[PDB]
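Trainee: There's a structure below that I have some questions on.
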Amino acid sequence: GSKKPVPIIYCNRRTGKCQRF
């Protein structure tokens, strides 16, 4: 509905801009 758990992560192809879910 609003929030959802994600096993994967995020990676912004930039100057070291990565995320972790």
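Following the order of the structure tokens, chains are lettered A, B, ..., residues in each are numbered from 1, and ligands are numbered from 1.
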Going by DSSP on the backbone, which residues of chain A come out as strand (DSSP E or B)? List them as a VMD selection string.

Mentor: chain A and resid 9 to 12 17 to 20

Trainee: Within 12 Å of residue A:6, counting only C-alpha atoms, which residues qualify if same-chain residues fewer than 4 places away don't, as a list in words?

Mentor: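 Counting only C-alpha atoms, the residues come to residues 10, 19, 20 and 21 of chain A.
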